[PDB]
Amino acid sequence: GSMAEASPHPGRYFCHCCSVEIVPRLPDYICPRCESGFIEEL
Ligand SMILES: [Zn+2]
């Protein structure tokens with residue numbers, strides 16, 4: 001599954017600042033739009 005990352009690992013995030021679904025910059029774990037960090041792993 002998506003536990004322990006694995007191949008079908010998570011990626012669909014939801015930024016609280018943009019209130020939209022995003023794919024985070026993994027090296028930073030931030031938003032690709034506002035670069036905040038306030039995101040939810042869906
Ligand atoms: Zn954002």
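Along the chain as shown, the residues are counted starting at 1.
So this one's solution NMR, going by the header.
Here the Cβ of each residue, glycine as well, is placed from N, Cα and C on the backbone.
The N-acetylalanine feature in Swiss-Prot is assigned to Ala4. Summarising the environment of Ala4 (N-acetylalanine), the number of other Cβ atoms within 10 Å of its Cβ, over all protein chains shown, is 6.
What Swiss-Prot records for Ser7 is phosphoserine. All protein chains considered, the CB of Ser7 (phosphoserine) has 6 other CB atoms within 10 Å.
What Swiss-Prot records for 15-34 is zinc finger, and it gives experimental evidence as the kind of evidence. Nonlocal intrachain contacts for the zinc finger (15-34), taken as residues 6+ away from its ends with a CB within less than 8 angstroms of a stretch CB, comprise 40, 42.
Look at Swiss-Prot and you will find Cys15, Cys18, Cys31, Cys34 tagged as Zn(2+) binding site, backed by experimental evidence. Other Cβ atoms within 10 Å of the Cβ of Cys34 (Zn(2+) binding site), summed over all protein chains shown, number 15.
Taking Cβ-Cβ distances under 8 Å and a sequence separation of 6 or more, the neighbours of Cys31 (Zn(2+) binding site) in its chain are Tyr13, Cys15, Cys17, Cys18, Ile22, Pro24, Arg25, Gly37, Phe38, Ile39. On a Cα basis, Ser7 (phosphoserine) lies 27 Å away from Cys34 (Zn(2+) binding site).
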